[PDB]
């Protein structure tokens, strides 16, 4: 505990990354809106992710809420999953502090090529999604903020779905999402994930979803959302379905 986390994380990163290799990651982040931290590009120590995973498994058992809706601001794409709200996750001292770590944010800032600002709406700082059943999905969407760090805490086999599909270099018009038309005009990048992986996502300009589960499995992630200088902007849409299951943009079925 204490400042030993940042001290060991800086060491963990200094053993693995250089400015030259981060710049290559920054190129891939700009090109794909997505950079994956796998066994080839570990981001945090095993002992640290295990601690975050055990914190999230306790939050799921205590505060999971089922969501089964369509979001009108993203072309009525579905949100079929369980969630844990940001206000409940922020109680975790481990998750809240590491999410504001200047060591972590300073490292990822070399990938984004701009400052990562931990000042987002109090209902969207953190998110856990927990999909368990067939057809569970985080439908096509964008984010209100620029940056999200996703912890692929548990992934089903790729044959069961659950991959992240992404279209970079897009934009979110809440009154006219044009999701299926964007797919017709653009190539979809499918990103397979494994348990233990993390990935950085440029959420405001990358249209993305999780491929629906073809079988009852378990797909669990943690979302750390941060702002860019561009997001310091007014929230609109009435579509905060995770914080409010009956938001104005949430539709039945």
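Numbering follows the first chain given and starts at 1.
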**Report entry** Deposited residues lacking coordinates between residue 232 and residue 233 (none, 1 to 3, 4 to 9, 10 or more)
**Finding:** 1 to 3
Query raised in the report: Out of 222 to 230 and 38 to 46, which one has CA B-factors that are higher on average in the deposited record?
Result: 38 to 46
Query - Of 47 to 55 and 184 to 192, the one with larger mean CA B-factor - result: 47 to 55
Report summary line: The residue of 170, 74, 92, 165 with the maximal C-alpha B-factor according to the PDB record is 92
Requested in this report: Classify residue 100 as lowest, middle or highest third according to the C-alpha B-factor given in the PDB entry, relative to its own chain.
Outcome: highest
Requested in this report: Please rank the C-alpha B-factors of the chain's modelled residues and tell me whether residue 153 sits in the lowest, middle or highest third.
Outcome: lowest
Query raised in the report: By its CA B factor, does residue 23 count among the lowest, middle or highest third of the modelled residues in the chain?
Result: middle
**Report entry** Cα B factor band for residue 63 (lowest, middle or highest third within the chain)
**Finding:** highest
Requested in this report: Quick one: classify residue 175 as lowest, middle or highest third of the chain based on its Cα B-factor.
Outcome: highest
